[PDB]
């Protein structure tokens, strides 16, 4: 119907990848308080039947695996897939604990033909990070 199907024996699998302490070499500032978030979200999606799994300070070449690992999974009986991200970043980019990574080759593993079980099922990617470096002065 107009509304999505949300009543399989499992509601979902909410993967929150909290990143905060960046390898010094990357010269990446720290994220004071992601934990509050990660902790809040962790509770917010736990309260709606989601197998939340909080992983922290992973590297770009750690995040991808995770993904390639998640997409290669039976989701046959699950109603959705929420994937909170927390880190720093530039447009399209997304930071691991060593260096940048591309948002797109992340989402790919779920793309219609890739992640089958998750076909006709909402893939929600909430992303909390910088999308460049402009400043919004506002008005009124």
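Numbering follows the first chain given and starts at 1.
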query	finding
Mean temperature factor over C-alpha atoms, higher-scoring stretch between 5-13 and 114-122	5-13
Mean temperature factor over C-alpha atoms, higher-scoring stretch between 59-67 and 39-47	59-67
Options 21, 128, 18, 25 - largest CA temperature factor per the record	25
Ranked C-alpha temperature factor of residue 75 among modelled chain residues, by third	middle
Third of the chain, ranked by Cα B-factor, where residue 97 sits	highest
Residue 53 - Cα temperature factor, lowest/middle/highest third of chain	highest
Ranked C-alpha temperature factor of residue 103 among modelled chain residues, by third	middle
Within-chain third of residue 82 by Cα B-factor, per the entry	middle
